[PDB]
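Summary of the model geometry
What follows is each chain in one-letter form.
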Amino acid sequence: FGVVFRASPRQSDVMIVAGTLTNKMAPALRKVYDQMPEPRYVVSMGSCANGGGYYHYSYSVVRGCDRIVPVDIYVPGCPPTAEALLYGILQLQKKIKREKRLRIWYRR
Amino acid sequence: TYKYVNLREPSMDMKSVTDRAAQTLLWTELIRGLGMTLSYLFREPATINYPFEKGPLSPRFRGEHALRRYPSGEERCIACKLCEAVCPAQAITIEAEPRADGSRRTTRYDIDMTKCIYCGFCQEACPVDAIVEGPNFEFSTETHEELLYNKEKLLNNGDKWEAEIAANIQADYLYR
Amino acid sequence: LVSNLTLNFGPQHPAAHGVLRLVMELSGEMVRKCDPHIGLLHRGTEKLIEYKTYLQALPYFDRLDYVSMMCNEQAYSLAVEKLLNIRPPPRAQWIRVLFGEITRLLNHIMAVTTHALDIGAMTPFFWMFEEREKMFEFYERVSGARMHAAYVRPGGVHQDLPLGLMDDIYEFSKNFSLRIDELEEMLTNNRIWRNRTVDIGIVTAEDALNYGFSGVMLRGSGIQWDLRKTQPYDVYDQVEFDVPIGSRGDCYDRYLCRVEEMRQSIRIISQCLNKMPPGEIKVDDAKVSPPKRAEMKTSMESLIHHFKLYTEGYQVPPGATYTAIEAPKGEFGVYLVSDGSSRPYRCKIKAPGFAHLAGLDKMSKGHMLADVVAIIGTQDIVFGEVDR
Amino acid sequence: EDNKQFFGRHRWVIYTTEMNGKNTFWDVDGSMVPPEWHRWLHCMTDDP
Amino acid sequence: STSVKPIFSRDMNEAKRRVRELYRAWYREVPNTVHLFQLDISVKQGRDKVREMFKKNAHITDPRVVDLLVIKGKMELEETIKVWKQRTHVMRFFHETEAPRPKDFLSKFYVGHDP
Amino acid sequence: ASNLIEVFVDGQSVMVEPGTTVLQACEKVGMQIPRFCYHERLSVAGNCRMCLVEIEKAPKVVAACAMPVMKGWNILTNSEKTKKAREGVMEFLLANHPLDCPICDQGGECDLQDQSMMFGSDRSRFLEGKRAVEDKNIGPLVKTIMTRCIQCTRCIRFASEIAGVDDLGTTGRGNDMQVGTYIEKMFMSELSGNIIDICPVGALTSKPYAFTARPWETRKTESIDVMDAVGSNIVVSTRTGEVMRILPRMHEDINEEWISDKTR
Amino acid sequence: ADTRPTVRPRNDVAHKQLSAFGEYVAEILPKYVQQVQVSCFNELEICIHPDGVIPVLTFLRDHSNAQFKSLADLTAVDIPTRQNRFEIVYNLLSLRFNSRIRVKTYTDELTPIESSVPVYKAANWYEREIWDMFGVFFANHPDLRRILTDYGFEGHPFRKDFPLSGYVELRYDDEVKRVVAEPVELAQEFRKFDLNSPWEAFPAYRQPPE
Amino acid sequence: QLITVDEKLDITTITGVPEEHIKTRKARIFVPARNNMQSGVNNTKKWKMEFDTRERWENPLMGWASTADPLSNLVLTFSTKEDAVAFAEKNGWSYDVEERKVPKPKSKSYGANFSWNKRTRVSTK
Amino acid sequence: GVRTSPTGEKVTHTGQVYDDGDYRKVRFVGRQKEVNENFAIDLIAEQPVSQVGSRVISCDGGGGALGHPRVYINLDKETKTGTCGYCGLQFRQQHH
Amino acid sequence: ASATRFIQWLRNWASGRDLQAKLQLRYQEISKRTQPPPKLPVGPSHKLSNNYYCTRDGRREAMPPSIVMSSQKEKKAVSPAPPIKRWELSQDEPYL
Amino acid sequence: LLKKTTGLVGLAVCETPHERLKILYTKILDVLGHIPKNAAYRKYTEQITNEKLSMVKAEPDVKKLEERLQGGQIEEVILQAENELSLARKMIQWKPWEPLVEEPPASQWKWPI
Ligand SMILES: CCCCCCCCCCCCCCCCCC(=O)OC[C@H](COP(=O)(O)OCCN)OC(=O)CCCCCCCCCCCCCCCCC
Ligand code: SF4
Ligand code: SF4
Ligand code: SF4
Ligand code: SF4
Ligand code: SF4
Ligand code: FES
Ligand SMILES: [K+]
Ligand SMILES: [Zn+2]
């Protein structure tokens, strides 16, 4: 589809937060996010990243990455099937296809 | 029992040594690895053309939770709160009252889908095959709130996938 | 200490084992001290389980070593059965042993392929991960979940194999031995592979035992030890296989113990597709394993049990036990206390990686930086089990 | 469908160029397969 | 009885040496932290907090307990000096975001059922 | 005093006043023989025969709830002769009991349920059909699904001796025996609500509380009653920050374990 | 081994053996050993006074008949009711004799335990976990500090009187451009079930009354 | 070898509990009352320590029951009243104690159901 | 069985609908309030009462192992009918 | 399983094996996705007589540990068990 | 006849196992003198150590001697032998034979609570 397997943080367009997010690991998540050159889209994959999943009530868990970054797509499942995630990506591409960046600019 | 995976003592006869010498100075082994890859270049790749094709599943597959109905139309859930008592992630919230006709039925039934772990214990526990995991696995949303299903969102899945949920159970309930 | 580097895996390369923040000290290029920081994936598993019934707690064990799913479930199940003083039926024990070796194939495929990925050898990853897929389908068709099954359970398994499964499992096993040869043809004799592994990460037999190493981190050092052949649990006293043994105790041997083991599983799977007996698949004691639906929907004595066993759970006699299994990574094991009620009082987990990682500093002394890459991989570390 | 193709690619679909009053000439997605066919296209069963 | 195994010290007199040394350790270090973590507070305030932290445990008199506080204090000090903490962790003694919770009875009676 | 006597529970001596029952003899050593008909505050009836226990060196198991002890008995409370008695008895109770646990209010706090697990067998051989009784209507509080009854004669005894209104009774014989008033009557009494507690099975259940909650999801906050100056002790049971029901709290010096309807 | 498939077949051979090897140790090291018992499913326990942490483990590592080279595991178990709340546990595997044995001790919040790193190097990280998660202090530990918990995290989570959800929760506050820790408030409170049954289950373990 | 310490034991400064949850909370020590809907007394054995209730409020979105009290679900078990208290003091929680209320013995006599001249004579079975 | 409140919001079978003054209903602005319109309490009244010739009749929702647990219903009371606990279907003893 | 005659020889020559025998892709040897209904067996305790639970109750058998030596209350030296017997090489393939 | 390698990495092949064992076994026996006879450690250590010592003398060939000791390769037995000496040394200062140092509180090991 065009989704290369591995891209460095500075060359990336979409972050995929696949897995749990413990408090200790939260600060580095944001630090990486802020370094993403725009436009930047965040995809939350799995139950532990949408809402803290199985470990929702644990003391050392962040209850969803949306507490730490603005998410664009939520892929549910523990874990989502590889095909379920692929649908999530193909969902984003349509979302990027409905933007009106120029039109909005043209009418300011 | 056991066996030594690396205990060889290469023979030091001239032919043997010349082989090792012939290997180093001419990259024979490295070539042999290139042969293997060159074969994969001429095999049909294992790629399925999704979405026009779908990776095979099985009738036991666990997907989006859904609420079923009897053939008549009545609801199957009777607010027995067993699914709520075993859901390991405590993602099921039930609140029931006697219905206007005296029946026992729920009023609140939310399955937070961000705490569910798709374990499948809910349907294993329901004594009336009410809450079942449909086979749908493509319902990723664009906001968090859309994943906080409430009873109205669960039935509609029931009234939307029953044409397949019913078929699967028929296929697999015998193993249960 | 010419200069200290806080090497962090924030930009996690395609490892799928977690992120490790490593604190090091390079005296130029050598490593004079390597310090791992691990807590990044500590979710509190060992404390949540305090609040869960013995059944509700099982899925947590698919989420410690998330490449050895059913193997973990077997360890937890064996511990509980031992506490409950009950014996599963033979057909289940064969299914569990059948899958316990299928998972070992899944795990070793992950270890070798990624370990070869971190060193740039990328192609073998794809070939072998196409075998994992077909191996997931078997996971898929018996439980319904591609990865996390919860299939194995205290008192046996959940459901029986669907008709026609073993025909496929046999078909899969028939072709697999060629796949490995397609792999060894790449890495086994390749000079570059040997350079990155030969005489790297050498561990002496005497030090390994003291440092708590288990599994292939022992057999690489020539020690003859494998819990299956020495303290068998389910049926492993009924299958012919040879335990690979290392000679020089370096990375390359531990790469050959794993590849060799992946063959020895095809030798066990072959046997389990022949000795599988007819019968039921859960202990015929409806106070521990829930009854069949048809009997739940017809008989009162059964209906009650389906009720209590899914709301209160099944009590367990008070007592403590340490149970370990030859999990693919090492000696996975759980020390699990029980106070008599339906909720465990404590569940310590002996993740094999946790011991190995401590030994990382020892093995990286007097090694170049790029060897720390190889050393971590050869230990086969997944940080789900390490931090828990 | 085509039964000479390896298990996984034998059965495929070509989504309609319009559904529920929306142009899907290009914008198809995997949630456009009604449940009845949904079971056959995923090899969950054999009888269409 | 009253006999109990010691940890490090054996009487309040021994302990305070460690405590006093600990203050010496922190006091010399607050300035660098402020520059190191690019913090945005005055070196005066940082040293004020340390005095506040040391002051909240004045009434402690058991020598064993005082040993622990130092051991944790030393550990916490090690993290900062070695920069294992991060600019987020250091600023967590200040509560830059939590609202000022009133202490007077009357205001509490207005907000909520807090006892 | 010298009136005490020595009796043995599984070989262990214990001193008990004369006239004490076996069941009460086993209480003093922490054993608790099962029980359906017996309530320590209700006159002995001894019909459920679920308390049958074996006394060593005797052919016939005695019913603990009624049989007094004798000098120097050895009460085998765990012998295979006692166990088989309980599984047999517990088998009959579930012979015609209905499959109502998933919708039965009592479900989750049911003595027939728990005692079935800890004493009874675990699979059924009853291949016939089941009894099925019509449901009475004895007030706007006590819902009654009498199919679930097990003829334990608690409601009957409690009403006669405690409440003082004897409108309850048994009418018929054999498997068709039934519990009720035999007419269209409301068992209305200031203490009526209690019979919900004593009825060990989910036959009598609170109508207002029906279908609202399960016993395992409620937090029990011991409290006091203020409806009247009797100062009854109660256990407010909340759920998600809302009061769901009220239950008596034992206090021997105030209210034993009953509370009036207004309180309840 | 009896034709009762739904029951675990005992092993009397290994029960007698471990009883023998238990009495054996109780006589060699009577200075510390307080109690030795064997579980009916063939496991051996050596309860000791905390002082004998080094002598007892050193003996089991070197003696000709012990040879317990490998420390399988090392953890703790809190028990509030006991005065000495914590309870350290050592599980040792003897590759020579193909056997296991468990050694248990006790302590409290303040009193420290003698670090057993010198005997087994494996016990280095484990002893930080115990310190990290429970708060027990190990004297002479080469390097002791929190391992699992977060930097600046306060409290010992696996204690019994530490609430499940903890005390603080991180989040990102745009005003201060950093993650910030705030008092924990939950959208849905954890639902504590009362899953026990009011009926004695196992007569064997019945405790004497008052 | 051993030092002599006489003070009153306390660890509140080495547990990490915010002061707001030390001087304000009111731990409660008691033996749970038997659930009156059943007859088994196997839950009034041990001593339980639990803290006072606090505010729970409907969630604006899903109507769930929210809360900001970390100790709401906390419950500790003890074997004796003294051990329960000794845990409260050293943790610095103000506590209340409730005495165990064991049932008083009673005279059960089947024959009393049939008395020639007493009111114990039952009327139905 | 579908009705619209004066607010302009269809009422769910549970009988919950935001009143006119409430603010939460803003959440539906720009979107739609999901509601299932197969009101069960209606589809169960449509089904006719089955006539049987015995005091005690048993229902299991049809399908046997795919229905609710088997129960027995006593039909003596002619002043009303007999209704299944789980599925709600009604029974009456004929012409008695 | 469609590669022309020529290509099949090629990738066989390169890889050296005979790939056309064992194909990494599944074509027809897969099972049928619609299998006939099964009839699973029951366990050994499914009987109607001489099946009393107390005789086959696993949980009640366990006992508290036997206190070998408690502090409150010529002989030979014994190892925990006989030394583990040396393993024997594999006659199937003693060396890789 | 001497092995090319013991097998366990970090274990060099010894040349004089019998002399090396006899010296070590002799030394082990020496240390036990300074341990009171009553101590169970001495009698048990002596009993086994004598059994091993005799087997050293009788068997003249390296190989079968291992099958008598059963301590795996011959080098390991030496390495095991060194430990027993080092263990025997330390026991002197620890004095295990002394009575129980202290008794635990009443309910220390009671379980379940
Ligand atoms: C009578 C007159 C006679 C005159 C002539 C007599 C001499 C002729 C016979 C000798 C010819 C020698 C050819 C010299 C090429 C270099 C070969 C060589 O020696 O490389 C050795 C090198 C490292 O040596 P090593 O394997 O580690 O052995 C241990 C040594 N201590 O190992 C390596 O080479 C590493 C290889 C790195 C590259 C591998 C990746 C690419 C391999 C695939 C490409 C294969 C070549 C393709 C050719 C393309 C042509 C356009
Ligand atoms: S449980 Fe599921 S969501 Fe959570 S980390 Fe594992 S795969 Fe991801
Ligand atoms: S699949 Fe499991 S976790 Fe998810 S809602 Fe059902 S029971 Fe709960
Ligand atoms: S979904 Fe099933 S288990 Fe859950 S409350 Fe409804 S009937 Fe009971
Ligand atoms: S009374 Fe007890 S056994 Fe009968 S239906 Fe209700 S819960 Fe089940
Ligand atoms: S209705 Fe209840 S109290 Fe009355 S006899 Fe039946 S079971 Fe006993
Ligand atoms: S309790 Fe004795 S017969 Fe009822
Ligand atoms: K009742
Ligand atoms: Zn019905």
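The next thing to look at is the site of ligand 2. By nearness alone, every residue bordering ligand 2 is listed as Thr20, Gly46, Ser47, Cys48, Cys78 and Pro79 of chain A together with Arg63 of chain C. Nearby residues place ligand 2 at the junction of chains A and C. Split into classes, the residues belonging to the shell around ligand 2 amount to three nonpolar, three polar and one charged.

Quick look at the environment of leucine 25 of chain J now. You can see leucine 25 of chain J is positioned in the loop between α1 (5–15) and β1 (66–70). Separated by 24 residues in the primary sequence, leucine 25 of chain J and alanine 1 of chain J have C-alpha atoms spaced 8.7 Å apart. Beyond its immediate sequence surroundings of up to four residues, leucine 25 of chain J is in contact with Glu44 and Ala46 of chain B together with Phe6 of chain D.

Glancing now at the site of ligand 5. In the vicinity of ligand 5, the residues found are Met300 of chain C together with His97, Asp100, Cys101, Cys104, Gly107, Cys110, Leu112, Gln113, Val201 and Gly202 of chain F. The site occupied by ligand 5 is bordered by residues of chains C and F.

With that settled, consider the pairing of strand β6 (residues 346–350) of chain C. Working note: regular strand, side chains alternate between the two faces of the sheet. Residues and elements named next belong to chain C. Of all five residues that make up β6, five are buried, and the element is covered over most of its length. Bridge count between strand β5 (residues 331–338) and β6: five bridges; the pairing is antiparallel. Residue pairing in the sheet places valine 337 in a bridge with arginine 346 of β6.

Another point: the coordination of the potassium ion (ligand 8). Protein coordination of the potassium ion (ligand 8) is provided by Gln106 of chain F (NE2), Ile196 of chain F (O), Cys199 of chain F (O), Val201 of chain F (O) and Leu204 of chain F (O), with donor distances spanning 2.5 to 3.1 Å. Counting residues between consecutive donors of the potassium ion (ligand 8) along the chain gives the motif Q-x89-I-x2-C-x1-V-x2-L.

Before going further, it helps to examine the side chain of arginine 346 of chain C. Among the structural elements, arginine 346 of chain C can be located in strand β6. At a separation of 2.9 Å, a polar atom in the side chain of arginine 346 of chain C contacts the main-chain carbonyl oxygen of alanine 76 of chain G. Ignoring sequence-local partners within four residues, the contact set of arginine 346 of chain C consists of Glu46, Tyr335, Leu336 and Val337 of chain C together with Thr75, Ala76, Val77, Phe134 and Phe158 of chain G.

Time to look at the side chain of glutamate 131 of chain C. Position of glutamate 131 of chain C among the secondary structure elements: in helix α4 (residues 123–143). Relative accessible area serves as the criterion here: at 1%, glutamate 131 of chain C is assigned to the buried category. Setting aside its immediate chain neighbours within four residues, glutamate 131 of chain C contacts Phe172, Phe176 and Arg179 of chain C together with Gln24 of chain J.

Below, the discussion takes up the interface of chain G and chain C. Of the residues lining the interface, 57 residues belong to chain G; the matching set on chain C comes to 60 residues. In total, chain G and chain C occlude about 5200 Å² of area from one another, counting both sides; carbon and sulfur atoms represent 57% of this. Joining chain G to chain C, the criterion identifies five salt bridges. Sorting elements by how many residues they give to the side of chain G that touches chain C places strand β3 (residues 70–76) of chain G first, with six residues.

It is worth spelling out the packing of aromatic side chains at this point. Counted under the stated rule, the structure contains 52 aromatic pairs over all chains. Relative to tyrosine 60 of chain C, the ring of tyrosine 54 of chain A has its centre 3.7 Å away and its plane inclined at 15 degrees; by these criteria the two rings are stacked. Of this pair, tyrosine 54 of chain A sits in the loop between α2 (47–50) and β3 (73–75) while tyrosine 60 of chain C sits in the loop between α1 (45–48) and α2 (69–84), on two different chains. The same class applies to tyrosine 54 of chain A and to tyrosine 60 of chain C, which are both buried. Between the aromatic rings of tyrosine 57 of chain A and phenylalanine 190 of chain G, the centroid separation amounts to 5.0 Å while the plane-to-plane angle is 80 degrees, which identifies the pairing as edge-to-face. With one member in each of two chains, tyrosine 57 of chain A in the loop between α2 and β3 and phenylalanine 190 of chain G in the segment after β9 (178–183) form a pair that bridges those chains. Each member of the pair, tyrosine 57 of chain A together with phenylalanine 190 of chain G, is buried.

Considering all chains together, one arrives at 127 salt bridges over all chains under this definition. A salt bridge links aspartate 52 of chain H to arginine 25 of chain H, with the shortest nitrogen-to-oxygen separation between them at 3.0 Å. Taken together, the residues span a long stretch of sequence, with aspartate 52 of chain H in the loop between β3 (47–50) and β4 (57–58) and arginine 25 of chain H in the loop between β1 (3–4) and β2 (26–30) at a distance of 27 residues. Through salt bridges with shared partners, a single network forms among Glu101, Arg104, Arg219, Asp226, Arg228, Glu261 and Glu326 of chain C.

The rules behind each value
Residues numbered from 1 in each chain as written, not as in the entry; some residues may be left out. Chains lettered and ligands numbered in written order. Part of a larger assembly, values for the part shown. Heavy atoms only, no water. Near = heavy atom within 4 Å. Nonpolar A, V, L, I, M, F, W, Y, C, P; charged D, E, K, R; others polar. Helix = DSSP H or I, 4+ residues; strand = E, 2+ residues; numbered from the N terminus. Contact = heavy atoms within 4.5 Å. Buried < 20%, exposed > 50% of the residue type's maximum accessible area, 1.4 Å probe, protein only. Pairing = 2+ DSSP bridges. Donors = N, O, S within 2.8 Å, 3.2 Å for Na, K, Ca; no water. Polar contact = N/O pair within 3.5 Å; in protein donor to acceptor, adjacent residues only side chain to side chain. Buried area = accessible area lost by both parts, 1.4 Å probe. Salt bridge = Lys/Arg side-chain N within 4 Å of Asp/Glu carboxyl O. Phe/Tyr/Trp six-rings, centres within 6.5 Å; stacked < 30°, edge-to-face > 60°.

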